[PDB]
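# Show me the folded form of this:
(chains A and B, ligands or ions: 2)
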Amino acid sequence: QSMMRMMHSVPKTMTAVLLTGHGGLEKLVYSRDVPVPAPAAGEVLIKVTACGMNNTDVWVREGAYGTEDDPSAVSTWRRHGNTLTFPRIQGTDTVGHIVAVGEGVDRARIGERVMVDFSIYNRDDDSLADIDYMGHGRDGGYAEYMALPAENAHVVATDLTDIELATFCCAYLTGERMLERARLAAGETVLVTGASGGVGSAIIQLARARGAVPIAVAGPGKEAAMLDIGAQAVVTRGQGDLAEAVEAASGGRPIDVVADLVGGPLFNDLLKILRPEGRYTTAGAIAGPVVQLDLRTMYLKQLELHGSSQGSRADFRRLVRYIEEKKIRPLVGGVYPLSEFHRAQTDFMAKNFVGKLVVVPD
Amino acid sequence: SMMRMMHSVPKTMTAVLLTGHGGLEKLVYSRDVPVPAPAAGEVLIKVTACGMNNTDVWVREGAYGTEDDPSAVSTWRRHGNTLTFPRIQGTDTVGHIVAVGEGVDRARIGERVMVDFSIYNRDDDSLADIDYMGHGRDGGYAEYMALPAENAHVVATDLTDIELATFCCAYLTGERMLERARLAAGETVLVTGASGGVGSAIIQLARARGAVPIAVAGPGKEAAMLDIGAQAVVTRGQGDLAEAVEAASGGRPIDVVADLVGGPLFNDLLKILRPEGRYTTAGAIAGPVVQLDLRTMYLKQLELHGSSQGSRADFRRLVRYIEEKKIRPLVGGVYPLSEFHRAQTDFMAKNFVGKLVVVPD
Ligand SMILES: [Cl-]
Ligand SMILES: [Cl-]
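Residues are numbered from 1 along each chain as shown, chains lettered A, B, ... in the order given. Ligands and ions are numbered 1, 2, ... in the order given. Next up is the structure itself:
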């Protein structure tokens, strides 16, 4: 109810799931007396109400990004500026309520429901060369409270639940950038692999949002779900030749863009399917990331391959705008209490669900 | 005199024939090849020079492979085989119009022309259905060649016939690479296989456009690279490349990599490229099949572009570059058509700089 009580209900210690080093789930410790951060100059402090799970959670913990010299070495994604320090609270897709504010900040902001932009840009221009993110370079949302810069706490003009709002920021920002890098236009066709996953699903929605035609490549039993989120046609990964199946599901239209989230043994086939002068784009490869590329296929077909992470401020604004105009919708695949993080991430890794899993403090 | 000229054009000629896929025994020097009659909209030229390109060798070998098998025997056009044997190869053709076909001005006879090897196959500027002369159609390794009239360009230059046979395939390819990588004035390009055709072309073309080229080349080729406009030269076989390039540039970042080598250099090239950088290729002489770490591409926000040949607009610009003397010919050797096996043996070993030229006789 009251704003004053809220301001003074903020405890000195809190509950949080801590990442304590690289390795397996046992490296994630549920702790009961972690210092509540104090908002520095230009920061707010939010009471976390929801936080959405992403692949980067898992890969950062495993150290599964490899290095340029050794693709199987353990490393965080930030290969050249390691800002990961242990213990670290992970969690990128944070929603909460501002309960405290730091030095330069308007005290009128207290009480606001905010969606966190997880991005640390590290530049004033629109370059993505030095990016980092909350949950990697700085503590994230798998805790009861989180500090973050005021500019990053967005008030969204929407009637959605805190949980619903927590589904968007990492995967949909990443989705948008991919679609922007590939220059996907109204009326074009995008083939989306890993379509039932975080980014996959988002791209299907974001494709629709900009007037494009998505065709999902989905696991067995996930077809009807892909249709539900706006896919034009679905191709089941299991059986058949992919190229034939894509041909039939497309009804003949050539594939302008491939959005790949799987990679691995699928990669070469996607380059085969892609129309000449077509564009390939990726921000993750779950199957995975080291592929055999026949340069000749790339240049005889006049192809572009694009790799992309996260997104720009303008991309984020557009995402906020999409949420507000309801051009995309939240996909809640399940909800887990913070106290049951191990169960949450096990379920997360299995991927026997659609859309996104959300972690709530308790 | 005028009548004499209508009938003085021989009915047979000599030409090097590609008879099938294989080694050099597939190139038969033949003295009795029918001289093509020019069809509607065509000219017939007396070839005086023709430049050598990697495609000659690769089409001969069928070393393009297939989508399903990277090492199957295959010509470059994997989805429309217009290569029929015997074929006369040779892309970079210069000559003199001796005859004109059905809808074409008689006045053109006597003109000195540079052949545009491109078969566009579309009205628009899409390269999706391209072919070339010397592959889809007979090329310039012959005394005479027929071609569409509009692909026969009178260039406004005092350049020698041999000099002019330096440009069209490698420089069109290079232009497109730069176009596809969006290389802007002030930006730095790292060019590998820099002493070869496309390599050298890109060095010149980057300067033509205000960019700063850094050459990666063979041992003892530093001086030749500087002479054709390279800012700095890195010598390929002496130390870590990233460190060498580091030292070679001002420490300044690499915006674009133009790669014609691939193979063992590929992953290294991706390391060196600045985040948000652009990689562009049209051939990989040291190995076209490479292991790519998608993580490197996506964490670094990279683009990779594959490109081949170029557009009509790209070609017009090339002519302009030649006329305005913004680029110059790099003749590395001239060879007679009768000694083709020697010419290609030299061509394949790359112990030269610039382009190799085959003159009939
Ligand atoms: Cl990955
Ligand atoms: Cl190649």
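# what does chain A have sitting close to ligand 1?
When proximity is defined by Cβ under 5 Å from the ion, chain A lies next to ligand 1 at A:284, A:285, A:289. The way it works is simple: take the backbone N, C-alpha and C, and place the C-beta from them, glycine included.
# Can you tell me which of those is closest to residue A:339?
Comparing the residues of chain A next to ligand 1 against residue A:339 with Cβ to Cβ places residue A:284 closest, at 28.5 Å.
# Give the helix, strand or coil label for the closest one.
For residue A:284, the secondary structure call by DSSP: H, G, I helix; E, B strand; the rest coil comes out as coil.
# burial count for it?
Residues near residue A:284, counting by other Cβ atoms under 10 Å in any protein chain shown, number 29.
# Residue A:225 too?
The tally of other residues near residue A:225 (other Cβ under 10 Å) stands at 21.
# so who does it touch?
Contacts of residue A:225 were listed using Cβ atoms under 8 Å, 6 or more residues apart in numbering or on different chains, and they are A:196, A:218, A:354.
# Within the helices and strands, which one has it?
For residue A:225, the host element (DSSP states H and E) is helix A:223-228.
# and the helix or strand following that helix, what does it pack onto?
Beyond helix A:223-228 in the direction of the C-terminus, DSSP H and E gives the next helix or strand as strand A:233-236. Under the contact criterion of 3 or more Cβ pairs under 8 Å, 6 or more residues apart in numbering or on different chains; DSSP states H and E, the helices and strands touching strand A:233-236 comprise strand A:213-218, helix A:223-228, helix A:242-250.
# near chain B, anything from the last one?
No: looking at helix A:242-250 against chain B by Cβ under 8 Å from any Cβ of the partner chain, there are no contacts, and the closest approach is 9.7 Å.
# The helix or strand just after that helix pairs with which strands, parallel or anti?
Scanning the chain past helix A:242-250 towards its C-terminal end, the next helix or strand to appear is strand A:257-260 (assignment: DSSP H and E). Applying DSSP bridges to the sheet, strand A:257-260 is found paired with strand A:189-192 (parallel), strand A:279-282 (parallel).
# could those go into a markdown table alongside mean neighbour count?
Below are these laid out as a markdown table (neighbours: other Cβ atoms under 10 Å in any protein chain shown):
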| stretch | mean neighbour count |
| --- | --- |
| strand A:189-192 | 25 |
| strand A:279-282 | 25 |
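# is it possible to export the ones you listed to CSV including distance to residue A:326?
Formatted as CSV, the entries for these read as follows, by distance: least, Cβ to Cβ, whole Å:
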stretch, distance to residue A:326
strand A:189-192, 21
strand A:279-282, 26
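# Compare those strands and give me the one nearest residue A:235.
Distances from residue A:235 to each of those were compared using Cβ to Cβ; the shortest belongs to strand A:189-192, at 8.3 Å.
# Next, the contact list for the residue of chain A found nearest ligand 1, please.
Scanning chain A for proximity to ligand 1 using Cβ to the ion identifies residue A:289 as nearest, at 3.9 Å. Contacts for residue A:289 (Cβ under 8 Å, 6+ apart) come out as A:66, A:71, A:263, A:264, B:293, B:294, B:295.
# and if we set it to 6 Å?
If you count contacts by Cβ atoms under 6 Å, 6 or more residues apart in numbering or on different chains, residue A:289 has them with A:263, B:293, B:294, B:295.
# Please name the nearest non-neighbouring residue to it.
residue B:294 (4.2 Å; Cβ to Cβ, 6 or more residues apart in numbering or on different chains).
# Name the stretch among the helices and strands packed on strand A:233-236 that sits most buried.
Greatest average neighbour count among these goes to strand A:213-218 (a mean of 27), per mean count of other Cβ atoms under 10 Å in any protein chain shown.
# what pairs with that strand, and is each one parallel or antiparallel?
strand A:189-192 (parallel), strand A:233-236 (parallel).
# could you check the angle helix A:242-250 makes with that strand?
130 degrees (axes from the mean of the first three to the mean of the last three Cα atoms, to 10 degrees).
# Just give me the neighbour total for the closest residue to ligand 2 within chain A.
With Cβ to the ion as the measure, the residue in chain A that lies nearest ligand 2 is residue A:296; the distance is 5.2 Å. Residue neighbour count, defined by other Cβ under 10 Å, stands at 26 for residue A:296.
# And for residue A:24?
Residue A:24 has 8 nearby residues by other Cβ under 10 Å.
# Do a quick rundown of the helices in the stretch 101-250 of chain A.
Listed in chain order, the helices of the stretch 101-250 of chain A (DSSP state H, counting those that start in this stretch) span A:162-165, A:169-181, A:198-209, A:223-228, A:242-250.
# Which strands or helices does the longest one pack on?
Going back to what we said before, that points to helix A:169-181. In terms of contacts (3 or more Cβ pairs under 6 Å, 6 or more residues apart in numbering or on different chains; DSSP states H and E), helix A:169-181 is packed against helix A:198-209, helix A:313-324.
# got it, and the last one?
For helix A:242-250, the helices and strands in contact under the criterion 3+ Cβ pairs under 6 Å, 6+ apart are strand A:233-236, helix A:267-273.
# Now render those as JSON lines, adding mean neighbour count.
Written out in JSON lines, the entries for the helices and strands packed on helix A:242-250 read as follows (neighbours: other Cβ under 10 Å):
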{"stretch": "strand A:233-236", "mean neighbour count": "20"}
{"stretch": "helix A:267-273", "mean neighbour count": "20"}
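# what would the ones you listed look like in JSON lines with distance to ligand 2?
What follows is these, written out as JSON lines (distance: least, Cβ to the ion, whole Å):
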{"stretch": "strand A:233-236", "distance to ligand 2": "31"}
{"stretch": "helix A:267-273", "distance to ligand 2": "15"}
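# surely residue A:257 meets residue A:182?
Yes: Residue A:257 is in contact with residue A:182 according to Cβ atoms under 6 Å; the separation is 4.9 Å.
# neighbour-wise, which of these two wins?
Under the criterion of other Cβ under 10 Å, the comparison of residue A:257 against residue A:182 puts residue A:257 first, with 27 against 23.
# who's in contact with that one?
Taking Cβ under 6 Å, 6+ apart as the criterion, residue A:257 is in contact with A:182, A:184, A:190, A:279.
# at 8 Å what do you get?
Applying Cβ under 8 Å, 6+ apart, we find residue A:257 in contact with A:182, A:184, A:188, A:189, A:190, A:191, A:274, A:278, A:279, A:280, A:281.
# next one: residue A:220
Taking Cβ under 8 Å, 6+ apart as the definition of contact, the neighbours of residue A:220 are A:236, A:237, A:238.
# Please enumerate the strands of the stretch 1-150 of chain A.
With DSSP state E, counting those that start in this stretch, the ranges of strands along the stretch 1-150 of chain A come out as A:13-19, A:28-35, A:43-52, A:88-89, A:93-101, A:113-116, A:119-120, A:132-133, A:145-149.
# What is the third one packed up against?
If I follow you right, that is strand A:43-52. Counting by 3+ Cβ pairs under 8 Å, 6+ apart, the packing neighbours recorded for strand A:43-52 are strand A:93-101, strand A:113-116, strand A:145-149, helix A:162-165, strand A:356-360.
# Partner strands of the second one and their direction?
The pairing partners recorded for strand A:113-116 under DSSP bridges are strand A:93-101 (antiparallel), strand A:153-155 (antiparallel).
# Please enumerate residues in contact with that strand?
Residues outside strand A:113-116 that contact it (Cβ under 8 Å, 6+ apart): A:44, A:46, A:93-98, A:134, A:141, A:146, A:148, A:152-156, A:162, A:165-166, A:168-169, A:320.
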